[PDB]
């Protein structure tokens, strides 16, 4: 059987792969979505289950107010000395000359167990990584961010020893590698292989110039010599390749003595009226995770099939293990916790915003701030993970003023979303309203406003996504449906469309309630269906 790429579909960037015995884990970045970090598990590298989200407490991760695509950037997950180590960031500034953000370490005995509270590491640049040197010494790597006007912002790869006993970085940091002319050198990961240190980095930025670079040295602090056919992974030169933005990689040696390379990639939708060489495409599924196979020659690794990456990769010599599903196709909210594929923006799910117990078999959302707020939104959502799917909910909501609205949302960031919501109009009563926010340009295009009769206990809401286009429809009895004939562009919910310094997540679909009057009016959602078609 082959590995079929991407192995993590939808928003799952910056994969950090590691091994514990015959178990394999990958951590991916989550930015402003809470809880933070997703860890997937596999026994064959083909099939991956969502196993854990470590950062569940505000003591670990406090992101209220964080900018769009701030928060948890690339993480580093490792296993050594009988425990898992997770290095993560909380980025507070994502535009301008600075990139204010802080790097932390937590540990756990199992990925789905309780994680420690964080140790502060440094703030000097993102993509922090923990390297377990064969000696037993530990080192933290990260990129150095240089704000100064006259310097490239990616000032190279810093190395500094981490003292387990002092719970701090010690000594002085050293810049061990400045990168290649591709620049934007980041994502440092160190490997010790046959008594040689290999430094893997990403270069080119995470758009279409993305690459994975590798260098090697007999000493941990260099100097490092670059791979003769560098970069080892990129699709920069190949605009028509189905995998784009190929970079930010990590390496695993399997227990079967085989070598594999996890990396992020985008799968763009193109415009037929543009050249793909000039307009490389739009990715509503964000940056996904793919796995390539490596082969070695003369002490350098090479990506099997060429540096562009393959859609179908030769799987390692392991028994196939498919996993039980981890979400309900129709979630009826029978569980005491929200299913693990649901996340909230920035803050934990508490009765500040909602409850799964107050009205049994419903998700109740207490109306809070609008979809444009970086603070407290009663919004529970899950990733688009296919170009073709339907999502559906049913909402009991009886608003009494125009500042109350609840329903079904497709969302990229606070400036980019659409929403089909039950709201209230003083002259007409309950109405069903379409709202559109495109880089903070707001529109409500329905001239024909849809009146909802008083006797309808639930309004059924649906979105049908068909690659480049998606459309809403609604029903008052879940039998006769009415299409909202406003075709919406999926590419408007993509990394490549939205403005600003942070463009790092992906499209989500979810259930939402706002009450900007102050009443905290609740909306009860009977179910949430997500069905890929």
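Numbering follows the first chain given and starts at 1.
Q.
Mean Cα B factor from the PDB record: higher for 481-489, or higher for 22-30?
A. Stretch with the greater average CA B-factor: 481-489.
Notebook entry, point to check: Out of 48-56 and 65-73, which one has CA B-factors that are higher on average in the deposited record?
Noted result: Mean C-alpha B-factor is greater for 48-56.
Which one of 312, 100, 127, 209 shows the top CA temperature factor in the record? It is 312.
* From 336, 265, 185, 142, residue of greatest CA B-factor -> Highest C-alpha B-factor among the listed options: 336.
- Query: By its CA B factor, does residue 131 count among the lowest, middle or highest third of the modelled residues in the chain?
  - Reply: For residue 131, the deposited C-alpha B-factor lands in the lowest third.
Quick check for you: using the entry's CA B-factors within this chain, is residue 444 in the lowest, middle or highest third? Middle third, going by the recorded CA B-factors of the chain.
- Task: Relative to the other modelled residues of the same chain, rank the CA B-factor of residue 90 and answer lowest, middle or highest third.
- Result: Lowest third.
C-alpha B factor of residue 38, ranked within the chain: lowest, middle or highest third? Tercile = middle for this residue's CA B-factor.
### Message
Could you place residue 104 in the lowest, middle or highest third of its chain by Cα temperature factor, using the values in the record?
### Response
CA B-factor rank for residue 104: lowest third.
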